[PDB]
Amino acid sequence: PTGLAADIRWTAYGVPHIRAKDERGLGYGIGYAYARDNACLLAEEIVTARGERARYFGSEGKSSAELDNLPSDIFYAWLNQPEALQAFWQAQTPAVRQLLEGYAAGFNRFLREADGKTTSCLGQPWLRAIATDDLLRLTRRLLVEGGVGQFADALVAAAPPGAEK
């Protein structure tokens, strides 16, 4: 009966003011408003955080963090393994789960209806419906920016010695 609902006002420069009666509806408004302005950005960064850059863009490209696509993918595939996402989700409060559920729904609602007015990547195969796991992937990517994220190339490069002298 209640579901997801949000009221959005935009003031000068396109700043959204989102009103809702709960976290789910709040997330809904945030995801919708953000998609209107930045759907392609989020879709690209989700591809990165899923470790699927080489799959869509090949090995000769880089992420927006200027890591090569294949080493980036190996790193985020390692970072965002299913067990790790599951554990992170399980540890979330109802409020935060609801924020994330709403955000994904609102982003996806914009995507369903978009006709390109503010979205340049319409029709690209990497522009697609997102899930709460994708938002967890982004969160964990930002989480480690002050730690192992700074060693992503170094992690990929780590292999035992052979028989050298």
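Numbering starts at 1 and runs along the sequence shown.
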inquiry  = So, looking at the entry's B-factor column for Cα atoms, which has the higher mean, 120-128 or 47-55?
reply    = 120-128
task = Can you let me know which of the two, 111-119 or 38-46, has the higher average C-alpha B-factor in the entry?
result = 111-119
request  = Report the option among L70, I30, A65, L135 whose CA atom has the maximum B-factor in the deposited record.
outcome  = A65
CA B-factor ranking of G106, expressed as a third of its chain = lowest
remark   = In terms of its chain's C-alpha B-factors, the third that includes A77 is the middle
ask   = For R24, does the deposited CA B-factor place it in the lowest, middle or highest third of the chain?
value = highest
message = Sorting by Cα B-factor within the chain, modelled residues only, which third would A12 end up in: lowest, middle or highest?
response = highest
